[PDB]
Every structure is written in structure tokens, then in C-alpha cells.
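Counting from 1, one number per residue, gives the positions in the sequence shown under PDB author numbering.
Idealized CB from N, CA, C, for every residue including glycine.
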Amino acid sequence: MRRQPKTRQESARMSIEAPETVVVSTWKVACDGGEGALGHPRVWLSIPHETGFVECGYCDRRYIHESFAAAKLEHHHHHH
Numbered sequence: 001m002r003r004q005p006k007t008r009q010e011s012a013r014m015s016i017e018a019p020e021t022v023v024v025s026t027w028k029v030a031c032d033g034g035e036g037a038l039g040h041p042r043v044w045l046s047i048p049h050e051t052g053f054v055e056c057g058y059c060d061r062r063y064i065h066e067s068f069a070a071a072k073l074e075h076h077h078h079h080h
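Here is the structure:
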């Protein structure tokens, strides 16, 4: 009854593909509001160049520079 084990390392899981994120060409962005009931006045944020993106301290919308966004890598941070 000894059969040759089939090693299926294929494990597919999609952790969603749509977070509230805006692609910017400027490291300094002017934020103003958000989604749902999240809203705040115009503020100026600075995206860390060695980090790639920055989250708003008020609203859950995250901002990322186009260079870090158009990278064909798995940015696995959609939901925790």
C-alpha cells in the first residue's frame, strides 16, 4: 500500500487586491478627507523615501510613490 507521495506545494490564497491607496508622483502629498465617515482638513504629509509609502494619521487611506507602486513585487499588506 506504499504509494509515491505527491508533493503539492501549491497553496493559493488571495488576501484581497484593493486597499484604499493613492499613487502619487510627489513625496509631499496634500491630504484632505478619506472614505466612509473618515474626513479631515488639508494636511501636508511626507513619504519616507526609504520606506516607499506613508499612511494618514487620521484616515486609513495610504499614499505611495509611483516608483514603489509600479514595482512587480508582492506588496502583501492589504488586511491584518
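Practice problem: Would you check if the distance between the CB atom of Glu20 and the CB atom of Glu35 is smaller than 8 Å? | Solution: Reading the sequence shown from its first residue, position 20 is the one you call residue 20. Reading the sequence shown from its first residue, position 35 is the one you call residue 35. Less than 8 Å divides the Cβ of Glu20 from the Cβ of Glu35.
Practice problem: Count the other CB atoms, across all protein chains shown, that sit within 10 Å of the CB of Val29; report buried if there are 16 or more and exposed otherwise. | Solution: Indexing the sequence shown from 1 puts residue 29 at position 29. For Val29, the number of other beta carbons within 10 angstroms of its own is at least 16, and it is reported as buried.
Quiz item: Over what stretch of residues does the alpha helix (DSSP H) that includes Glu66 continue unbroken?
Solution: Against the sequence shown, residue 66 aligns to sequence position 66. From DSSP, the alpha helix (DSSP H) with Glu66 extends over 66-69.
Self-check item: Same chain, Cβ closer than 6 Å to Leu38, neighbours up to 5 away in sequence not counted
Solution: For this step, residue 38 is matched to residue 38 along the sequence shown. Contacts found: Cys59.
Quiz prompt | Boundaries of the beta strand (DSSP E) in which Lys6 is found, first to last residue | solution = If you number the sequence shown from 1, residue 6 lands on position 6. Premise fails: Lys6 is in no beta strand (DSSP E) and is neither H nor E.
Quiz item: Per DSSP, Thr21 forms a beta bridge with which residues?
Solution: Position 21 of the sequence shown holds residue 21. Answer is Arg62, bridged to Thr21.
Exercise. Look up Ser15 in the DSSP assignment and say whether it is helix, strand or coil.
Key: Against the sequence shown, residue 15 aligns to sequence position 15. In the structure shown, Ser15 sits in coil (DSSP, three-state: anything other than H, G, I, E or B).
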